[PDB]
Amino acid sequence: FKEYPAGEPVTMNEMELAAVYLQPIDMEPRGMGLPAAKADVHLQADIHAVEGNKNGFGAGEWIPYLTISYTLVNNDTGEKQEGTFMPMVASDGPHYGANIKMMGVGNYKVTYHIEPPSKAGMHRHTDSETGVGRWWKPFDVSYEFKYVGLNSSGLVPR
């Protein structure tokens, strides 16, 4: 399937963090979250270790057990939306995301608010023999993108 970048990926805390979006999706269980028919996009956080990660993840590996919320702003209109992502798995692997209703075509800012795996119940080893570095503190990452909508076969008859 096709996916579209929302702004520029960034590196922070030995991870590469990107925002992306695609068409609304269906997830298990049915009836939970915003239904696809009532959404404009599935918004996602793509987060993987980079080389030199000190928390036990190899380059390219997904970072699991994160807690992530977002603040989305249409910069043209001022309209703001807040929400949370869930951990998910799709055909191209695990991610964090949510179906969302957008706030019209325009220039957007999105900020992801990220908390480390300790919060959701992952426990790092801390000893000399098997341990890893301490978790980083919660942080934000921001993205700027132009949203025009997604591809159609035709919105009106031809």
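For every residue, the number given is its place in the sequence shown, counted from 1.
Item to check | 99-107 set against 65-73, stretch whose average Cα temperature factor tops the other in the entry | outcome: Comparing 65-73 with 99-107, the higher average CA B-factor belongs to 99-107.
Item to check | 148-156 set against 4-12, stretch whose average Cα temperature factor tops the other in the entry | outcome: Higher mean C-alpha B-factor in the PDB entry: 148-156.
Next on the checklist: Highest Cα temperature factor in the entry, among the options 32, 45, 114, 132: which one is it?
Outcome noted: By C-alpha B-factor in the record, 32 ranks first.
Next on the checklist: Comparing recorded Cα B-factors across 90, 50, 122, 39, which one is largest?
Outcome noted: Top of the list by C-alpha B-factor: 39.
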